[PDB]
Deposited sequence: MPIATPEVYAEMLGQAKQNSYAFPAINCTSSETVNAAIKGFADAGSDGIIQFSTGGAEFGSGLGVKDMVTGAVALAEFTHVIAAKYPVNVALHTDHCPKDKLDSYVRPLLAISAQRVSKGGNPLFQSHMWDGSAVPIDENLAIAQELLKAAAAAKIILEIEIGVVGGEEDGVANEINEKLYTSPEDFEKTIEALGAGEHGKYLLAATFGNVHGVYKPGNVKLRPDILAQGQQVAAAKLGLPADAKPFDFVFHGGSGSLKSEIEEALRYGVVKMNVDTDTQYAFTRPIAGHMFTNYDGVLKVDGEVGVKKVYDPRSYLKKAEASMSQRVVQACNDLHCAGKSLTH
């Protein structure tokens, strides 16, 4: 099943507490969605699927080029497929800069807010506001009003600040609270390395809130997950990193067999020397199955790398 807001939060809670993180796979089609979910399930693990603005535009198709239709289209498809797997999958929307709030995140927020007022769950379980490229102040201002929308729509907001400053973590707590006005995830800039910036950010916020020095007020997000060194990732997990984006590596694992298929069956996927090709290899499923299954093998590898393998709530 797709994750309800309650299991999503339980998912993030249980990961924060036992120091593992969820892989969040960017997907741009039913094939790749299917590969990610199959990967998670295979690693007896819950997981997260995300739609980037680019990937959602691609999803609405070349004749539509509309992120919101793209996202909703894909999510609807994902709801039907999720139901047939035992693990829980959270739908998330990825990097959305300021100039795209009115045509991506705000529209989607209104869609879920509408579903929630009818007594249903929201379409997506989290959305990212990316204000990394504007003054931390202006970022937190906007973050504030999006957080009220998100929380109303039972959705977790993710935000990105800015090496991030100790004063930045303070400003963030001041502005957003630490969950009482809506749960939210934090992506800080620590060399994406310097994972100890995150450890520092956690004490700093604990001091300010008046909690024990071991308390972890933030749930962190790790951008720059692909191509990474186990040691650094292990350390980051201890400091409360709960979600790690994997995009580039699941792309290569997905394309690599297609490439292979094309070369080895060159004179069968192409009509060469007056011949008519071999239909069993230019059938998209012949290589798209290889692609999907290759992406599921990589996705499994990530659930082992973030130790969420085998830890599915269900």
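Judged by missing C-alpha atoms, the gaps in the deposited chain sequence fall at residues 1, 164 to 180, 211 to 221, 344, listed in sequence order.
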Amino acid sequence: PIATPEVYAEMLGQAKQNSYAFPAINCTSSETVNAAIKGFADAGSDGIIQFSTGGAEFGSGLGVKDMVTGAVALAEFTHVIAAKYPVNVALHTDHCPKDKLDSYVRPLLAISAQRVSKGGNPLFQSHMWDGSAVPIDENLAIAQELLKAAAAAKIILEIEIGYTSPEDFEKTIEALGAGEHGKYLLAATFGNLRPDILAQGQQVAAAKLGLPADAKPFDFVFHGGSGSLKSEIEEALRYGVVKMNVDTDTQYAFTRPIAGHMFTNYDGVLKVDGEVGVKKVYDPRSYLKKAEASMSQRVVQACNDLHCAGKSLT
From here on, numbers count along this sequence of modelled residues.
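Note that the rigid core is defined as the largest set of C-alphas that superpose within 1.5 Å between two forms.
Two stretches, 200 to 208 and 67 to 75, are weighed by how far their CA atoms sit from the shown form in 6 other deposited structures of this protein after rigid core superposition; the farther one is 200 to 208. As listed in the deposited structure, the average C-alpha B-factor of 259 to 267 and of 283 to 291 is greater for 283 to 291. For the pair 234 to 242 and 72 to 80, the mean B factor over Cα atoms is greater in 234 to 242.
When the Cα B-factors of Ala90, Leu185, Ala152, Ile136 are read from the PDB record, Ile136 comes out highest. Comparing C-alpha B-factors across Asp219, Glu158, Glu180, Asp214 in the deposited entry, the largest value falls on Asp214. The PDB entry assigns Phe124 a C-alpha temperature factor belonging to the lowest third of its chain's modelled residues. Ranked within its chain, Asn18 lands in the middle third, by CA B factor from the PDB record. Annotation for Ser112: CA B-factor lies in the middle third of the chain's modelled residues. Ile2 sits in the lowest third of its chain by CA B factor, as recorded in the PDB entry. The deposited CA B-factor of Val276 belongs to the highest third of values across its chain.
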